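A.B. asks:
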Amino acid sequence: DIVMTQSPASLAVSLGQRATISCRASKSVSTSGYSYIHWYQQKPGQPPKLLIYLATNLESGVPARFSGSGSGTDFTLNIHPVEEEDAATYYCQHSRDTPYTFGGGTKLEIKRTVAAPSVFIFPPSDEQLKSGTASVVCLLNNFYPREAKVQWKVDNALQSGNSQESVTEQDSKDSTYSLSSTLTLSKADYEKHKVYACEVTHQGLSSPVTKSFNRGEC
Amino acid sequence: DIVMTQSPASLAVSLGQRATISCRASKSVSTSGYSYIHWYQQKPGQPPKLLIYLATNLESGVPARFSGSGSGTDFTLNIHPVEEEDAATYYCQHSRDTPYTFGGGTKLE
Amino acid sequence: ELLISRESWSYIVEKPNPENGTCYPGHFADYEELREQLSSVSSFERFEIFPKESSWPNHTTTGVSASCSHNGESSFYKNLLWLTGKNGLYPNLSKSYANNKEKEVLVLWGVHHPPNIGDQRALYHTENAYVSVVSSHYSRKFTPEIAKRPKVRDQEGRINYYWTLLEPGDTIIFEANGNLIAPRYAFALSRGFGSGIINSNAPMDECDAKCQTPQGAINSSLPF
Amino acid sequence: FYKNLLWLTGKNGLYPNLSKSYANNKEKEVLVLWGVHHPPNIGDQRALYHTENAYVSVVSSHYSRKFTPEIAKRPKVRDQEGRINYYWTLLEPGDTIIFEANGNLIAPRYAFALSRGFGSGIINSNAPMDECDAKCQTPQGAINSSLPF
Amino acid sequence: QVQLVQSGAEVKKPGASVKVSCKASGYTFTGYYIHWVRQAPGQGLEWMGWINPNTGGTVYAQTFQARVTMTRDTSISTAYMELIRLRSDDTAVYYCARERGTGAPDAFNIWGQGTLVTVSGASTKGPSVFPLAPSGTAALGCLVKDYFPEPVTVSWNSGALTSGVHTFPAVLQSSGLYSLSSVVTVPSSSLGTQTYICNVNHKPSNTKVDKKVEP
Amino acid sequence: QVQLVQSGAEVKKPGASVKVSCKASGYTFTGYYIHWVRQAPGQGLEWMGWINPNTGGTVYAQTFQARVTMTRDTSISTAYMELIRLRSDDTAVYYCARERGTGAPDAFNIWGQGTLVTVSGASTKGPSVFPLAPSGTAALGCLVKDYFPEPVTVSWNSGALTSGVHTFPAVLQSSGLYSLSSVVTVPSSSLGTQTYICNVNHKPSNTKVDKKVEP
Ligand SMILES: *[C@@H]1O[C@H](CO)[C@@H](O[C@@H]2O[C@H](CO)[C@@H](O)[C@H](O)[C@H]2NC(C)=O)[C@H](O)[C@H]1NC(C)=O
Ligand SMILES: *[C@@H]1O[C@H](CO)[C@@H](O)[C@H](O)[C@H]1NC(C)=O
Numbered sequence: 001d002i003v004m005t006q007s008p009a010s011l012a013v014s015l016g017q018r019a020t021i022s023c024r025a026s027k028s029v030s031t032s033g034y035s036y037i038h039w040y041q042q043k044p045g046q047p048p049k050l051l052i053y054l055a056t057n058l059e060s061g062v063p064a065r066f067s068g069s070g071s072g073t074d075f076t077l078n079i080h081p082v083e084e085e086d087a088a089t090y091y092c093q094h095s096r097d098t099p100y101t102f103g104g105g106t107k108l109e110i111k112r113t114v115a116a117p118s119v120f121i122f123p124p125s126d127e128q129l130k131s132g133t134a135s136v137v138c139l140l141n142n143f144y145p146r147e148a149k150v151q152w153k154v155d156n157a158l159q160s161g162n163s164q165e166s167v168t169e170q171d172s173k174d175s176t177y178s179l180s181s182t183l184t185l186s187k188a189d190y191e192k193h194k195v196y197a198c199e200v201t202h203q204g205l206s207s208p209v210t211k212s213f214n215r216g217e218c
Numbered sequence: 001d002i003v004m005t006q007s008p009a010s011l012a013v014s015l016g017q018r019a020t021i022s023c024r025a026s027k028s029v030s031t032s033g034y035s036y037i038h039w040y041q042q043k044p045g046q047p048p049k050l051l052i053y054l055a056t057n058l059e060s061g062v063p064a065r066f067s068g069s070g071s072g073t074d075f076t077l078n079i080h081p082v083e084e085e086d087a088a089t090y091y092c093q094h095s096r097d098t099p100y101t102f103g104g105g106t107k108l109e
Numbered sequence: 076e077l078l079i080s081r082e083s084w085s086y087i088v089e090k091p092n093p094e095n096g097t098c099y100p101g102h103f104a105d106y107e108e109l110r111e112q113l114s115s116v117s118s119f120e121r122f123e124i125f126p127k128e129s130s131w132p133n134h135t136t137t138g139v140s141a142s143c144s145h146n147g148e149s150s151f152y153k154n155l156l157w158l159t160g161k162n163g164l165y166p167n168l169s170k171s172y173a174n175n176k177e178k179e180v181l182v183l184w185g186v187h188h189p190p191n192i193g194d195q196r197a198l199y200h201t202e203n204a205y206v207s208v209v210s211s212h213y214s215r216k217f218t219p220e221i222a223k224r225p226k227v228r229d230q231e232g233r234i235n236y237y238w239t240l241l242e243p244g245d246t247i248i249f250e251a252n253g254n255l256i257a258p259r260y261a262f263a264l265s266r267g268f269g270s271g272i273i274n275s276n277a278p279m280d281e282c283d284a285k286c287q288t289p290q291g292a293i294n295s296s297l298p299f
Numbered sequence: 151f152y153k154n155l156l157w158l159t160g161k162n163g164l165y166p167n168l169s170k171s172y173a174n175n176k177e178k179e180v181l182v183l184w185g186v187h188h189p190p191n192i193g194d195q196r197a198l199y200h201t202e203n204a205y206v207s208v209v210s211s212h213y214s215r216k217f218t219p220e221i222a223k224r225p226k227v228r229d230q231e232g233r234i235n236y237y238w239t240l241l242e243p244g245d246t247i248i249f250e251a252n253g254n255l256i257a258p259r260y261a262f263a264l265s266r267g268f269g270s271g272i273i274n275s276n277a278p279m280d281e282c283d284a285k286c287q288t289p290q291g292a293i294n295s296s297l298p299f
Numbered sequence: 001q002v003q004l005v006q007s008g009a010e011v012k013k014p015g016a017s018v019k020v021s022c023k024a025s026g027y028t029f030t031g032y033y034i035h036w037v038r039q040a041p042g043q044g045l046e047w048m049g050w051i052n053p054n055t056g057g058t059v060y061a062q063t064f065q066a067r068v069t070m071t072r073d074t075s076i077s078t079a080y081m082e083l084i085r086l087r088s089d090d091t092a093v094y095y096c097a098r099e100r101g102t103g104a105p106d107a108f109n110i111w112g113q114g115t116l117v118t119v120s121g122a123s124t125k126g127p128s129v130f131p132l133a134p135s136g137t138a139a140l141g142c143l144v145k146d147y148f149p150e151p152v153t154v155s156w157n158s159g160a161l162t163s164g165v166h167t168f169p170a171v172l173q174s175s176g177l178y179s180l181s182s183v184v185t186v187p188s189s190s191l192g193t194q195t196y197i198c199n200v201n202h203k204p205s206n207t208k209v210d211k212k213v214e215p
Numbered sequence: 001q002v003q004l005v006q007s008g009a010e011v012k013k014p015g016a017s018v019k020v021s022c023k024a025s026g027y028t029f030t031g032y033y034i035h036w037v038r039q040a041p042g043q044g045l046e047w048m049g050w051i052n053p054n055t056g057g058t059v060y061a062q063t064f065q066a067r068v069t070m071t072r073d074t075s076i077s078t079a080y081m082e083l084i085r086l087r088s089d090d091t092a093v094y095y096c097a098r099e100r101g102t103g104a105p106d107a108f109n110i111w112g113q114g115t116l117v118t119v120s121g122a123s124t125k126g127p128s129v130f131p132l133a134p135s136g137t138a139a140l141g142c143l144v145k146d147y148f149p150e151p152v153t154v155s156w157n158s159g160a161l162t163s164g165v166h167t168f169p170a171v172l173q174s175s176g177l178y179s180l181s182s183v184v185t186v187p188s189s190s191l192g193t194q195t196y197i198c199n200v201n202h203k204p205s206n207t208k209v210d211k212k213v214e215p
């Protein structure tokens with residue numbers, strides 16, 4: 001069983017630069033005059049599409065920005081010039097033997113200037129709790145990079161485990177991100193505390209920033 | 001060559017009673033966790049239609065009046081309650097080995 | 076009935092024309108080579124290499140034939156296993172055994188050559204089955220040969236019996252999509268000089284001797 | 151890899167059927183070697199030879215044989231899970247040997263033309279050597295003495 | 001809907017050959033074996049063989065090994081049985097059956113309408129049909145004589161007289177022809193006042209006949 | 001045009017079975033192997049096996065040997081993957097891929113749209129959707145709560161408010177349901193004067209909802 005380790009798991013590159021994704025095998029994938037690596041590109045919500053086959057041969061219809069190099073056990077996908085259209089996930093794969101094993105993935109991010117999120121809080125509407133469960137929301141909007149961390153406070157007391165967050169994909173409008181965090185509670189547990197806050201740690205900030213609201217204050 | 005003797009050649013049963021058609025093989029039809037008997041119903045002018053397969057398993061769409069029993073070499077098709085719609089010819093068959101041989105028939109009156 | 080009860084001896088005694096050998100007809104490969112192997116076996120350990128209960132969860136063990144009947148009931152070999160499909164499947168099996176007993180292990184197995192294609196389709200639900208047996212040196216593949224044959228012991232099929240001495244540390248792998256008579260027990264052999272196989276029908280008492288011969292023992296000082 | 155053998159593999163995505171032949175015109179029996187790759191899995195074979203159902207046919211005036219590869223995972227001897235079955239034959243003078251294959255052939259690169267000789271032989275031993283000369287030899291050592299026994 | 005549909009009934013001369021067709025629908029034709037079965041008239045079933053439409057491989061029964069040829073066109077998911085050197089005792093209903101499941105020798109659950117293959121030395125001679133007139137308090141009837149091939153059909157009063165109507169099945173005469181009788185149980189009082197007419201249709205001869213019956 | 005097109009997304013109960021279809025077009029279906037691949041949500045690809053549609057032969061990965069069944073109907077150039085005894089971790093996007101070339105283990109160049117197979121114990125419960133009202137100079141939002149199965153879709157002001165719109169993807173709750181949030185970045189001055197309405201559609205439940213949002 002041939003294992004395709006792949007690195008690095010994510011790239012932060014800027015337009016016009018060079019992106020080098022390095023794939024390695026646990027064993028040689030080269031024989032028959034061929035190296036049986038193949039590099040695919042998968043953008044969100046889409047199937048993959050083949051970029052190069054046999055580790056060097058660009059597929060028809062593909063731009064020449066993509067290039068394949070390497071042999072034996074070590075292979076590389078070089079993109080130059082990087083472009084907005086190249087923001088995707090790039091997978092190694094080998095056809096050398098069964099099982100045909102992929103590489104785990106390499107996300108690719110347009111590198112830009114570090115920007116702090118625009119942060120907000122949305123208290124749970126009365127309709128939330130007319131259904132029997134209230135979820136607080138904390139928004140980070142249009143920030144870069146993505147390594148922002150959020151931690152929940154209620155009555156200045158830490159909140160853990162009762163939370164779920166989701167980030168959107170990089171948006172070509174500015175290549176920044178947005179995160180929506182949520183703290184879910186029962187109407188009872190909602191009532192038994194007063195003030196709700198979300199704290200964020202991010203490179204865009206001088207110091208971690210906490211925003212807050214008080215329950216039902218006009 | 002496995003021979004499916006079948007009996008009795010004809011039944012005279014009344015509505016609501018029980019009809020028992022007994023099939024026997026010359027050799028075991030049981031293996032693989034299965035008994036390879038199958039019971040079919042053929043009304044006049046029609047093709048057969050499968051009642052039960054593997055000697056116990058009622059086929060989809062079939063009424064539950066039909067039941068399969070037995071194993072090894074001896075098997076039975078039990079109809080209860082008999083009904084007008086059950087006036088037909090009832091055939092044993094084995095899939096155990098080639099040739100797949102039927103049973104000769106059992107008219108029902 | 077020697078299985079549970081005997082694992083050691085000084086020599087083996089066989090009758091000239093024993094009738095209770097291969098119950099299900101077939102060719103026992105290298106039978107004579109096996110005899111010569113066992114001549115030097117002073118003892119062994121009959122162990123359940125592949126436990127019937129846990130080794131074959133999804134395969135219908137309890138395949139049985141009349142040709143091997145015992146006390147009137149159809150039965151089968153005890154040191155082997157006649158796998159058969161279950162619930163309409165004979166899923167590919169890949170069981171393995173690593174000889175960690177520090178003694179060469181005698182492994183037995185078999186391939187069912189059924190009399191007709193329907194019989195195979197019934198037992199194994201495939202027309203084109205295969206049996207692959209592999210080790211560090213030993214590699215072999217068996218395809219079943221389907222054909223009507225003379226009806227030995229009222230059976231028209233065959234079982235080809237195969238064996239090998241898996242040496243310590245070696246790993247034996249069975250692969251199959253059908254037609255395997257797998258092992259349930261194997262034998263770990265203890266070699267011994269002086270032992271051997273004697274073909275005869277002479278009786279026994281609980282007399283003790285220094286020498287033995289098929290017609291009888293020898294208890295005397297002479298050289299010749 | 152071995153030096154007296156050759157591990158053929160496809161090229162440019164093809165493993166075109168080969169039909170190479172040799173006619174022993176050396177006036178000495180020729181020892182020919184070859185091999186068949188039994189790969190560990192079907193993908194490996196498809197990679198090396200681009201066929202799932204390959205064969206190897208080796209023929210001569212008497213010698214005729216056909217090998218099909220047996221694909222199976224196996225114990226990982228020398229870190230290798232496949233096998234190579236090695237075969238040989240003594241192609242006599244004037245005889246012609248033909249190899250045919252759509253895959254899985256470890257073809258010969260070199261063969262051997264044999265010169266038979268009495269008195270020679272094979273000795274199994276680990277004893278050392280010097281540039282001593284002797285009349286007799288044995289695995290433990292040589293013998294240089296007039297005795298009969 | 002899953003189904004198999006078979007080529008229409010037909011006749012053949014002894015020594016000739018017949019090709020029956022089984023067109024499948026509603027399922028992956030290649031995945032399920034297909035067997036061919038036959039049933040002699042008024043007799044029991046007997047099994048011919050099967051074909052694996054995926055591979056085209058076949059098995060046939062011994063009493064059919066020499067003469068049967070199963071094939072399949074997978075483009076249109078269709079199977080064929082060709083029987084050659086026909087004898088008379090090969091007249092029968094031939095059915096195409098599909099297995100209930102793959103791989104395991106499961107049962108036949110899908111069947112065909114059945115194709116009636118009739119084998120005898122005749123020339124689709126058309127029926128002659130004659131009254132069976134009553135004379136008192138009794139039923140009435142109509143006879144179909146020495147016709148070929150089956151199937152003929154019979155009715156009364158142009159499809160109105162379904163009461164007490166009995167269409168006996170036909171018998172095969174040593175003459176190589178068929179014959180049967182249609183009958184109607186009736187009250188005697190209306191008889192003689194009412195007018196009854198037997199009628200018959202034999203599509204193979206494209207021949208229809210009417211025949212009044214009276215005391 | 002060469003292409004593979006796959007059967008639409010679907011749900012299945014744990015312990016049940018699923019059949020995915022890959023219909024080919026524009027090329028000789030039998031000449032190119034067909035592999036099946038899967039991608040767990042937000043995870044990486046993993047390879048199931050292939051089928052040779054010419055022969056119907058198959059290879060599967062070990063972690064899929066026991067449960068996968070690949071087949072093909074060559075009449076309509078179609079392949080099928082059947083996965084049985086589904087577990088929850090088998091929820092994923094299943095793709096059908098075709099090799100770039102024959103014979104040699106070349107790469108996958110034709111892919112399918114991808115079929116989303118979701119495995120969990122729920123009953124396509126419809127979404128409840130509630131405002132996320134602002135109170136000052138900030139953005140606005142809308143929440144979708146405890147709905148199943150995916151995919152739901154959300155928009156704003158009936159398809160006019162595409163500016164600064166952020167449709168966060170959903171998360172799977174321990175409750176066995178999904179939930180997500182739609183948001184819009186806006187200037188605060190127009191807010192309160194302008195009227196904004198979140199809207200949502202969940203085709204599996206045939207359920208659409210509108211929900212106004214205001215300070
Ligand atoms: C074991 O051998 C016995 C005979 O020693 C077999 O039993 C029957 O023996 C009689 C003679 O005593 C024969 O005429 C029969 O033909 C034998 N049985 C059969 C079925 O042929 C017995 O079959 C043997 N069984 C095994 C498993 O070896
Ligand atoms: C055997 O089959 C059962 C059927 O439910 C399955 O749960 C189990 O994982 C299988 N085990 C093996 C070892 O195949």
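Heads up: the sequence lines are chains L, M, B, A, I and H, in that order. Everything in the first sequence is counted per PDB author numbering, starting at 1 for the first residue and increasing by one. Everything in the second sequence is counted per PDB author numbering, starting at 1 for the first residue and increasing by one. Everything in the third sequence is counted per PDB author numbering, starting at 76 for the first residue and increasing by one. Everything in the fourth sequence is counted per PDB author numbering, starting at 151 for the first residue and increasing by one. Everything in the fifth sequence is counted per PDB author numbering, starting at 1 for the first residue and increasing by one. Everything in the sixth sequence is counted per PDB author numbering, starting at 1 for the first residue and increasing by one. Think of the CB as a built atom: it goes at the ideal place given N, C-alpha and C, for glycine as much as any other residue.
1. Can you tell me which of I:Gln6, I:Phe108 and I:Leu191 puts its alpha carbon nearest to the alpha carbon of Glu59 (chain M)?
2. Assuming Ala9 (chain L) contacts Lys153 (chain L) under a Cβ cut-off of 8 Å, what Cβ separation, rounded to an integer in Å, is found between them?
3. So is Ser95 (chain M) in contact with chain I if we call contact Cβ pairs under 8 Å?
4. If you reduce the DSSP assignment to three classes, tell me which class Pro131 (chain H) lands in.
5. Check for me: the alpha helix (DSSP H) holding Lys187 (chain L) runs from which residue to which?
6. List the residues of chain H whose Cβ lies closer than 9 Å to the Cβ of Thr30 (chain I), in chain order.
7. Please return the same chain residues whose Cβ sits closer than 6 Å to the Cβ of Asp106 (chain H), not counting the five positions on each side in sequence.
8. Between the Cα of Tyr40 (chain M) and those of M:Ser67, M:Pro81, M:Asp74 and M:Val3, spot the shortest distance and give me the residue it belongs to.
9. Between the segment 43-51 of chain I and the segment 63-73 of chain I, do at least 3 Cβ pairs fall closer than 8 Å?
10. From which residue to which residue does the beta strand (DSSP E) around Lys43 (chain M) run?
11. Would you say the beta carbon of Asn95 (chain B) comes nearer than 7 Å to a heavy atom of ligand 1?
12. Relative to the C-alpha of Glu82 (chain B), which candidate in B:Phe262, B:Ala277 and B:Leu255 has its C-alpha closest?
13. Let me check understanding here. Comparing Cα to Cα, which of L:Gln93, L:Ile110 and L:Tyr100 lies closest to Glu85 (chain L)?
14. Kindly indicate which three-state DSSP category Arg224 (chain A) falls into: helix, strand or coil?
15. Are there any heavy atoms of ligand 2 lying less than 7 Å away from the beta-carbon of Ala173 (chain A), as far as the coordinates show?
C.D. replies: Taking the coordinates as given:
1. Out of I:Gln6, I:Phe108 and I:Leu191, I:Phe108 has the C-alpha closest to the C-alpha of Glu59 (chain M).
2. Going by Cβ atoms, the distance from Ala9 (chain L) to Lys153 (chain L) rounds to 31 Å, so no, they are not a contact pair.
3. yes
4. strand
5. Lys187 to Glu191
6. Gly56, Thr71, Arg72, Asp73, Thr74 and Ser75
7. In the same chain as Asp106 (chain H), and ignoring 5 residues on each side of it, the C-beta atoms closer than 6 Å to its own belong to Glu99 and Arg100, in chain order.
8. For the residues M:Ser67, M:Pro81, M:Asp74 and M:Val3, the minimum Cα distance to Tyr40 (chain M) belongs to M:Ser67.
9. Segments in contact, yes.
10. First-last for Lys43 (chain M): undefined, no H or E at that position.
11. Remark: the shortest separation between the CB of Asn95 (chain B) and any heavy atom of ligand 1 falls under 7 Å.
12. B:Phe262
13. L:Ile110
14. coil
15. No - ligand 2 has no heavy atom lying nearer than 7 Å to the Cβ of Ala173 (chain A).
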